[PDB]
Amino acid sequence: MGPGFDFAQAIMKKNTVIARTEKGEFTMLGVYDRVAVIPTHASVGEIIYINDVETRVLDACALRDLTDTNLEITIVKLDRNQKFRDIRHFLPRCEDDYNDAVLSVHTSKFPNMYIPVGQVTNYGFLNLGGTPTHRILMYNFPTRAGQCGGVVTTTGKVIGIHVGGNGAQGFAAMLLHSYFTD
């Protein structure tokens, strides 16, 4: 409808796949080459389904901060025959608050879904499903089951992936440029 949705659409159309694990279907953001991200609670194994195609996982790393605290981001390298567009220059370098964010989902259950969530707070610490988690972003939207892995963007920045909610607020794990240096 406007430049927020325009940027979100551009990311969804070229840089997302549908990932299926034993824990469900997730929106998965491709970042560069064969490297993508997914919430750690997807429990990625040796094999994953990507757009309903059996795919070997070449590497998977559940990220934690230097205090050995969960970040809820898993970085996956896929044995895929095609590279993602490189979107690393849209990733923030530092922890921040944001105005006017969009949460975007693409699954069998919710295809081509875009949600204007508004103001995003650098919340920091969250007890997420019982697990102490750092670098959490919070938005005042009543997010629901099936939105996990959803991409959080502003105009010009890809800032996080949706990892949970409490029925009134939604929570995303930050994406930082330093996660994807090579």
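Note that residue numbering follows the sequence shown and begins at 1.
Colleague: Comparing average C-alpha B factors as deposited, tell me which of 28-36 and 151-159 sits higher.
Modeller: Stretch with the greater average CA B-factor: 151-159.
Colleague: Could you settle it for me: does 82-90 or 105-113 have the higher average Cα B factor in the PDB entry?
Modeller: So the stretch with the higher mean C-alpha B-factor is 105-113.
Colleague: Choose from 66, 63, 136, 50 the residue with the greatest Cα B-factor as stated in the PDB record.
Modeller: Of 66, 63, 136, 50, 66 has the highest C-alpha B-factor.
Colleague: Per the entry's values, where does residue 10 land by CA temperature factor relative to the rest of its chain, in the lowest, middle or highest third?
Modeller: Answer is middle: the recorded C-alpha B-factor places it there.
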